[PDB]
Each structure stands twice: as structure tokens, then as C-alpha cells.
């Protein structure tokens, strides 16, 4: 992951990480100038998750939009093992979980 994206996500995630977030990943498509953000939750998604992701993208683009023009997100209920989530590419946030 490019440093600008880890910086931007570090700041944007301030104040929106709650205990049911297992993993947040970002996929950066440089030629398309597009970002895909995935929020892996330990519960079904709620409307506040979508609001929080919209807030996050607004902040991230305001800081880092020289690098990307569009972004999409997904909120995913995952019951996969801690080992599996530990190995997904693009993690900018990963909760501590027992192996």
C-alpha cells in the first residue's frame, strides 16, 4: 500500500473504529484512480456503518484526492477465521483476535 493511503486512512479512521470491526482493507487501482474500501464486521451491517463509510471517504478524498477520483465501499458480515482475515491483502485496520 502506498504511504499516502495509510496516512489518509490512519487519520480518517480516528473516532469511527468500534468493537465489531474486524478488518478494514483498501484496494487501490492507480490507473483508474479508484479506491475500494471493505469493512469486515462481526455482525450484520447497519445503516450507521454506511454513514460512517461515507464520512470516511469524504475525509479521505479531502486529504488524498490528488491520488483518486472515485471510491466505493462494502460492509461485510464475516464469520471467517481470524487466520483468514489476517491474510487478506490491503489491511489498514485489523483487530486483535485469538489464533
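Positions refer to the first chain, counted from 1.
For the pair 76 to 84 and 5 to 13, the mean Cα B-factor is higher in 76 to 84. In the PDB entry, a CA B factor belonging to the lowest third of its chain's modelled residues is recorded for residue 64. Per the deposited record, the Cα B-factor of residue 54 falls in the lowest third when ranked against the other modelled residues of its chain. When all modelled residues of the chain are sorted by CA temperature factor, residue 71 is found within the middle third. In this PDB entry, residue 46 carries a Cα temperature factor that places it within the highest third of its chain's modelled residues.
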